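Undergrad: Chains as they are written, first to last, in the UniProt record's numbering: chain W, 67 to 502; chain L, 67 to 502; chain Y, 67 to 502; chain B, 67 to 502.
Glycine included, each C-beta is placed from N, C-alpha and C at the ideal position.
1. Which residues in the same chain as residue 128 of chain W place their Cβ atom closer than 6 Å to its Cβ, once the five residues preceding and following it in sequence are excluded?
2. Less than 6 Å between C-beta atoms, sequence neighbours within five positions excluded: which residues of the same chain meet that for residue 329 of chain W?
3. Out of Y:497, Y:354, Y:262 and Y:420, which has the shortest C-alpha to C-alpha gap to residue 96 of chain Y?
4. Along the stretch 377 to 409 of chain W, what residues have a CB closer than 7 Å to any CB found in chain L?
5. Since residue 211 of chain Y and residue 157 of chain Y should fall inside the 8 Å C-beta cutoff, what is the C-beta to C-beta distance between them, to a whole number of angstroms?
6. Please specify which runs of the alpha helix (DSSP H), each continuous and at least 4 residues long, are wholly inside the stretch 267 to 309 of chain Y, giving them in chain order.
7. Helix, strand or coil for residue 213 of chain W, going by three-state DSSP, please let me know.
8. Can at least three beta-carbon pairs, one atom from the stretch 235 to 244 of chain W and one from the stretch 298 to 309 of chain W, be found at a separation below 8 Å?
9. Verify the CB distance criterion: does residue 352 of chain W have a CB-CB separation below 8 Å to chain B?
10. Who are the Cβ neighbours of residue 307 of chain W in its own chain at under 7 Å, not counting the five residues just before and after it?
11. Would residue 230 of chain B and residue 191 of chain B be called neighbours here (beta carbons separated by less than 8 Å)?
12. DSSP beta-bridge partners for residue 158 of chain W?
13. Please state whether DSSP places residue 207 of chain W in a helix, a strand or coil.
14. So, at 7 Å on beta carbons, what are the nonlocal neighbours of residue 372 of chain L in its own chain, with the 5 sequence-adjacent residues on each side left out?
15. Taking its Cβ as the centre, do 16 or more other Cβ atoms sit within 10 Å of residue 256 of chain B, making it buried, or is it exposed?
16. For residue 491 of chain B, go through chain W and note every residue whose CB falls closer than 8 Å to its CB, in chain order.
17. From the beta carbon of residue 462 of chain Y, is the nearest beta carbon of chain L less than 8 Å away?
18. With DSSP collapsed to three states, give me the class of residue 419 of chain Y.
19. Quick one: is residue 472 of chain L near chain Y, going by C-beta distance under 8 Å?
20. Is residue 135 of chain Y close to chain B, meaning its C-beta is less than 8 Å from at least one C-beta of that chain?
21. Under a Cβ-count criterion, where at least 16 other Cβ atoms within 10 Å of its own Cβ denotes burial, should residue 78 of chain B be classed as buried or exposed?
22. Going by beta carbon distance, what residues of the same chain come within less than 7 Å of residue 374 of chain B, once the five residues before and after it are set aside?
23. Quick one: what's got a C-beta closer than 8 Å to residue 138 of chain B's C-beta in the same chain, skipping five residues either side?
24. Kindly indicate which three-state DSSP category residue 366 of chain Y falls into: helix, strand or coil?
25. Give a yes or no on whether 8 Å exceeds the smallest Cβ distance from residue 265 of chain B to chain W.
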């Protein structure tokens with residue numbers, strides 16, 4: 067009804083978000099929406115919120131594949147029953163007695179989420195077995211704990227197809243039928259490899275990643291860029307490292323378009339579409355490559371193909387040829403990602419270096435490659451100037467990345483990092499005098 | 067719509083059927099509608115008809131619990147793979163290698179029925195595990211074949227409740243998780259014990275229990291009476307015994323009414339309501355006790371109490387006293403159930419023996435004790451005559467059980483087994499001359 | 067849901083009714099279901115029952131065209147407003163002041179039924195104008211009272227089509243737009259001529275037709291048969307005659323399938339389908355015509371079209387041509403109704419005349435034309451024989467019409483009126499030897 | 067489904083629009099949605115678009131009252147039939163013969179829109195009569211053309227209530243029943259007066275209002291502000307004046323919240339919610355009032371109540387008291403609308419006058435009172451400076467209204483109209499030095 071329209075609008079903040087939401091809906095998504103790993107903690111305690119939110123996705127069309135675990139509840143019942151639980155190497159030692167109680171919990175939890183969604187008018191389908199094939203992790207060490215050998219898709223598909231949210235337990239079974247306990251996170255990840263979904267979401271109770279050393283939360287992690295010198299940091303806790311790595315390894319084998327998000331339940335249906343949602347959002351993103359020379363770029367040609375995108379060389383003031391000659395005879399730094407989706411060229415020659423070209427693709431903008439290119443520029447050029455058309459689609463954005471702005475006919479001058487009142491005036495003159 | 071109303075009316079023949087259909091609908095059925103056991107043969111071959119028909123029940127409201135097996139398809143894939151299948155004691159010897167192929171078949175079949183029903187707009191819910199708990203039948207003999215220890219209802223209920231036909235595979239699993247093969251018929255029977263449903267239907271491919279000796283089906287089987295010598299027959303196969311016994315054992319534990327019907331898929335939605343639906347109908351019913359002498363009946367008195375029911379001794383032409391004298395001085399066979407709900411007395415003295423009294427209770431009629439009493443009479447008296455009031459409630463029925471009929475004022479003469487035109491004429495004369 | 071199925075079955079008494087209901091549903095009804103004229107009395111007073119009942123039809127699919135008046139309520143409001151009503155020649159003198167109060171009543175009533183049905187989940191569509199075109203009855207005499215010149219169907223259709231019970235007021239309007247008061251019964255009839263519906267139902271408060279001379283109510287009138295000598299009766303009141311004729315004239319030009327019913331509201335959703343409902347039900351129905359010669363039947367051809375129905379000439383043993391040659395060369399009597407829906411041919415040539423063909427339509431059976439044909443046969447042939455298939459739909463019926471029966475493989479021999487033990491035996495032999 | 071979500075997002079451009087849309091939905095709208103007058107031209111020609119668009123509103127919950135005319139089609143059929151149409155005083159002379167052909171058109175068109183909407187799954191309800199009561203405009207002059215005396219709401223309500231878009235023809239009728247032709251626009255306006263709806267939309271084929279003298283289209287007209295000196299303009303054509311006045315007069319008697327819009331059909335479901343839709347949008351709106359003195363404001367007090375909204379006086383640096391003292395002792399110009407929803411105060415005292423306070427309500431922003439206040443400021447202060455928080459919700463907007471910007475910690479300095487490089491530097495210093 068409008069019940070859905072309200073809740074969508076209530077979760078839209080800016081224009082960029084509207085465009086995002088449409089991308090997912092206007093996507094002819096034989097490429098699946100999302101795999102959402104749900105902790106057991108959440109079903110037992112915070113269910114209404116989870117259901118309400120899955121109901122929304124269902125209603126707006128999208129079909130998340132939900133995969134849930136069964137954590138705390140199990141340990142109480144094992145204690146109730148007089149069995150002190152076991153963890154060797156961070157995994158549960160899982161003998162017959164324990165497995166009985168683990169499975170009964172799984173089914174109880176699984177059906178509780180399904181009957182809940184069903185009560186909010188969503189079609190659910192419990193899938194308590196036969197998605198995951200596996201074999202023993204180490205029969206001596208973990209007893210009945212499995213290593214997932216393969217995912218059969220057919221039930222998860224012919225659910226979605228029939229119009230019903232598939233709710234999966236994270237039990238795998240062997241050929242011969244013996245069920246085995248498997249980490250809900252490793253199972254999540256195996257699904258993700260197999261459906262290559264647009265979003266992968268790990269719902270924790272906790273809520274993303276806090277930086278133990280600054281206190282500041284982490285919004286986004288750009289693995290290709292940040293992974294290595296964020297992993298080898300003293301503040302990052304080892305439970306974090308064993309997940310950050312886990313995720314890097316997943317997204318290594320999934321497309322670039324694919325992302326992962328770690329979120330508290332309550333902030334979900336925001337950061338399933340935004341990156342301003344609190345909670346942490348991780349993806350590969352692009353290694354920018356710093357270059358000081360035309361004959362550095364592996365692409366002699368495709369550098370031209372990229373700069374042609376610009377609406378000052380495509381509307382011919384200067385051709386690229388005439389511009390590349392000028393470049394090669396000038397000390398410049400150029401950041402560009404591997405596939406030349408975003409090139410930035412900074413002419414270093416005038417105090418307040420100019421960002422002379424910043425040719426960024428429509429795809430580069432919605433992927434905030436641009437955001438990242440400017441963050442490089444920041445630390446590499448503590449003071450900087452550039453020009454934008456008065457009606458560049460995202461002028462707002464340039465304003466935001468600046469400290470000062472001037473507008474002569476048509477063009478806006480921007481800069482940052484500078485505040486000699488008299489060196490400012492020098493900028494503004496050279497710019498206004500630039501009308502030749 | 068009407069689509070459903072047409073197909074209901076198209077399957078209503080007489081008044082008695084209308085009354086029947088109402089009984090099932092007007093039943094405030096927290097006592098469940100039906101358990102329908104579907105052979106694997108039917109899903110692989112005759113699916114459309116099965117789905118179309120379950121779709122009907124679903125549309126008219128009713129929610130059958132459907133439990134399917136997975137026969138031939140498995141045996142082909144076992145043969146494809148080079149394994150000659152094994153049956154000891156009518157159950158499959160089932161090792162790891164066999165179980166893997168049995169379970170993959172079950173899921174494949176289960177989902178195929180579900181995605182089929184779903185395409186005809188019926189909500190199905192695959193329930194591939196966790197209805198049945200079991201333990202090993204005999205681990206040495208059958209390997210991974212289970213004995214069903216208990217049925218958990220909660221999934222089958224909270225399916226129906228959420229509005230979707232529950233389609234069960236007949237796999238059980240042990241505490242510790244190992245799945246085990248169980249006969250689709252033994253599993254069907256365990257469900258029936260626990261939901262006590264109004265109808266139990268075993269769908270077979272042939273269309274009942276065809277008699278290997280005589281050639282044609284066995285319509286009603288009275289277990290208490292017929293079981294033992296209708297099992298130890300030379301024509302009867304061993305897969306039949308593991309059904310016949312399985313059913314005897316079920317109905318031993320269910321009320322005198324609860325019945326089983328064995329029916330071809332093609333005429334399912336006739337049985338589910340009427341008992342037109344010819345095919346083998348099996349139930350406990352009564353041990354009829356054959357007697358040749360008044361002073362045989364343990365009840366000297368209650369024989370009188372029974373014959374008083376008759377509306378030719380209750381409207382006093384002859385009292386019972388005056389009739390019991392006549393009986394005792396005549397060679398007669400009398401079949402009567404233990405509680406004298408139906409007495410039949412056959413005077414043996416005239417070629418074409420007379421069925422002289424057939425005193426059957428209102429309760430005996432709706433319980434087809436009558437049907438059964440006549441089936442005894444059949445084999446014991448290959449030729450027989452009797453008299454019915456022109457307006458006996460169920461005259462229709464007597465016509466049906468006859469080969470020939472004559473009507474003098476008030477009374478209708480019936481017989482069977484005889485066709486000497488001249489011995490027929492002798493019947494009709496002795497009857498018309500019976501007007502004294 | 068079943069809610070509808072229960073209420074349908076709860077209103078089915080006998081077999082004949084089941085067949086009737088089917089007729090209406092299985093009708094692919096570009097030929098409409100019903101025109102139901104509702105008195106104003108009923109909307110103001112007995113509404114719940116009228117809505118509950120229309121709802122039923124709506125739910126079981128059927129779309130009655132409802133046309134309502136506005137009687138008693140008007141006369142109170144005219145009196146409330148100080149206008150003493152006028153009747154000249156049994157019609158309301160209807161000036162501007164009266165018309166204003168009549169129209170306001172009509173709309174109020176019309177919407178009250180619509181909003182009522184709508185509250186029971188039925189889609190209604192008020193149609194307050196533009197169905198009936200008319201011109202002044204007599205402008206000097208009745209002022210604004212109209213004579214219906216024509217019905218425009220388009221609204222009533224594109225309502226039903228879009229799924230909504232059309233509720234019509236009985237106002238007509240002139241070309242130029244002036245609304246005029248018009249008889250709700252003459253309007254009902256004009257609709258009927260134009261939609262050719264299956265049921266035409268006049269809901270009166272009264273409740274059918276009583277016989278002033280016996281006191282006995284009239285269930286059914288068979289116009290073709292009874293009209294003439296029921297019209298020229300001294301007991302029949304003139305207000306009755308002016309209606310009986312009215313109806314005869316309507317149904318003369320509507321199909322044979324069509325009927326009229328005059329019922330008290332409370333007995334409605336019984337005698338919209340049964341003929342055992344109290345209230346009077348009228349229709350054309352059938353005189354049987356006795357014929358002794360092929361070239362007697364006015365239809366040379368349609369006799370063939372009739373005999374083709376038979377499942378021994380349609381499954382081609384003998385074609386009709388070859389059978390008609392045989393008939394024409396044999397003394398036979400043939401009873402057949404006017405429209406050849408039931409033919410019976412009796413070959414007179416063998417002692418115990420045979421009923422050689424008895425070709426009776428599905429419509430003829432539910433009409434009990436058959437019953438009547440056999441009653442003619444009775445007095446005209448005091449002894450008679452015939453043969454029926456062991457599984458003829460209505461074998462029960464033949465048994466009933468017989469005195470004696472024999473069954474050889476497949477076919478049953480029947481007769482009546484004979485009791486020379488030795489002429490009986492002759493029947494049974496000729497029949498058993500008929501296996502030729 | 068999503069079908070609705072897509073079409074909503076496809077019509078949202080900026081943040082401001084999101085907020086607008088939420089206003090209409092989150093409105094507990096016992097205050098109705100809209101009256102949409104549709105020209106006859108659109109049904110006959112451009113129907114799909116009209117239905118597709120009314121369907122949207124229906125789907126997102128909103129129930130427009132549609133009132134349609136019947137223009138060109140009528141004039142063709144009158145010409146087909148050989149009658150040259152009549153217009154005296156811009157209205158149709160409408161005698162009996164014409165009325166017949168007018169009414170038939172109306173019903174034909176009306177039902178065509180209803181059966182169209184119905185095909186897109188919207189419930190429509192034709193309302194061909196009984197909404198409008200009227201009497202003759204001038205019986206001699208126009209014959210059967212009416213003047214609408216009153217609107218009865220009951221049908222239109224009990225439609226919406228029963229869940230169906232009411233589609234009204236613009237025929238009125240007299241007490242006594244004579245239907246009369248009435249201008250679709252006068253009728254639309256009469257509905258508007260009676261339901262006081264949020265939006266009144268006149269769909270023309272043409273598409274809004276062009277300025278004959280500049281060529282520029284007119285987006286919005288702010289009647290209270292512009293009416294008088296836009297009416298007494300030489301370029302405004304008289305057909306425009308007769309409409310502008312028409313509308314002024316309507317909105318005079320409707321709330322301030324109510325608006326009128328004149329749009330081409332294709333741009334409809336945009337400027338039913340936005341004001342950036344092409345087409346013209348008219349409403350009463352807000353006169354800004356220029357003030358030079360505290361004791362000018364009619365509100366001694368509510369000026370204080372307004373300035374308290376500001377988050378530099380609400381977070382207490384300076385109270386309003388202490389600020390109002392300063393104001394009164396300073397030459398300042400202050401623009402504010404009548405209800406003080408948006409105040410701007412410009413301290414004139416420093417070359418580059420400061421906009422010292424600009425206190426604008428959330429409602430003032432979504433109304434673009436702010437936009438208009440700055441436009442006044444523009445012509446009155448050709449050069450101007452002001453300060454905004456770095457994270458003021460709508461900082462983007464300030465940027466846009468500027469020529470130059472500087473950012474010291476926290477605060478952004480803005481200005482326009484000035485380009486002495488050295489007077490700019492003077493601004494930036496006085497600002498950076500403003501850190502006390």
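TA: Let me lay it out:
1. Here the set comprises 99.
2. Hits under 6 Å: 337 and 345.
3. Taking each of Y:497, Y:354, Y:262 and Y:420 in turn and checking the Cα distance to residue 96 of chain Y, the smallest one comes out for Y:262.
4. Under the 7 Å Cβ criterion, the stretch 377 to 409 of chain W contributes no residue.
5. That belief holds up - the Cβ atoms of residue 211 of chain Y and residue 157 of chain Y are roughly 6 Å apart, short of 8 Å.
6. With a minimum length of 4 residues, the continuous alpha helix (DSSP H) runs that stay inside the stretch 267 to 309 of chain Y are 289 to 297.
7. DSSP, read as helix, strand or coil, puts residue 213 of chain W in strand.
8. Because the criterion of three Cβ pairs below 8 Å is not met, the stretch 235 to 244 of chain W and the stretch 298 to 309 of chain W do not touch.
9. In terms of beta-carbon proximity, residue 352 of chain W stays away from the interface with chain B, with every pair separated by 8 Å or more.
10. Same-chain partners within the cutoff: 297.
11. The answer is yes: Cβ separation under 8 Å.
12. Paired residue(s): W:153.
13. In the displayed model, residue 207 of chain W falls within coil according to three-state DSSP, outside both helix and strand.
14. If we look at residue 372 of chain L and ignore the five residues flanking it on each side, its Cβ neighbours are 406, 409 and 425.
15. The C-beta of residue 256 of chain B has 16 or more other C-beta atoms within 10 Å across all chains shown, which makes the residue buried.
16. Near residue 491 of chain B (Cβ distances below 8 Å), the residues of chain W are 487, 488, 490 and 491.
17. It does; some Cβ of chain L falls within 8 Å.
18. Three-state DSSP puts residue 419 of chain Y in coil, outside helix and strand.
19. Yes, residue 472 of chain L lies at the interface with chain Y (some Cβ there is under 8 Å from its Cβ).
20. Chain B contact via Cβ: absent.
21. So residue 78 of chain B ends up on the buried side.
22. Closer than 7 Å at the Cβ level, and outside the excluded window around residue 374 of chain B, lie 380 and 386.
23. For residue 138 of chain B, where only same-chain residues beyond five positions count, the Cβ hits under 8 Å are 106, 107 and 110.
24. Coil.
25. The C-beta of residue 265 of chain B comes no closer than 8 Å to any C-beta of chain W.
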